[PDB]
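Architecture at a glance
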Amino acid sequence: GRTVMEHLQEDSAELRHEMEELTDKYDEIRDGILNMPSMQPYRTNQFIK
RNA sequence: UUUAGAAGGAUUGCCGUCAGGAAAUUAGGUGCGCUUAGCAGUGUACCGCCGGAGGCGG
């Protein structure tokens, strides 16, 4: 009853085990969900008040 | 200088059938309404008169 999110911050093998049988690249995926870029305000348009 | 500036919600329709509210009753005792006044105000205006509309006599 926990979310992939909470397990990917601690890396409990509960996932460690389950992913590695179903894929070959859990290492690359976890680094891209744990260091995510932030949204930046860069421009405006006619649809923003 | 406004969470700025813009907008067609539309068309159609069978709610129905039945029925026992019912029985009993104690509202009762008492009681100070009350001292003053002018229907007045003026109590209403009448006949005329020429004129033709407009103006004085009793």
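Regarding how it was determined, this PDB entry cites cryo-EM in its header, along with a resolution of 2.51 Å.

1. Brief notes about the overall build of chain A
Along chain A, the regular secondary structure elements total 3 helices and 0 strands. When its helices and strands are written in sequence order, chain A yields α-α-α.

2. Section: the pattern of salt bridges
With a shortest N-O distance of 2.6 Å, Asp11 and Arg30 are connected by a salt bridge. Taken together, the residues span a long stretch of sequence, with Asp11 in the loop between α1 (4-10) and α2 (13-22) and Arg30 in helix α3 (residues 26-34) at a distance of 19 residues.

Conventions and cut-offs
Residues numbered from 1 in each chain as written, not as in the entry; some residues may be left out. Chains lettered and ligands numbered in written order. Part of a larger assembly, values for the part shown. Heavy atoms only, no water. Residues with missing side-chain atoms left out of burial classes, pairs and counts. Helix = DSSP H or I, 4+ residues; strand = E, 2+ residues; numbered from the N terminus. Salt bridge = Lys/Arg side-chain N within 4 Å of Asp/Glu carboxyl O.

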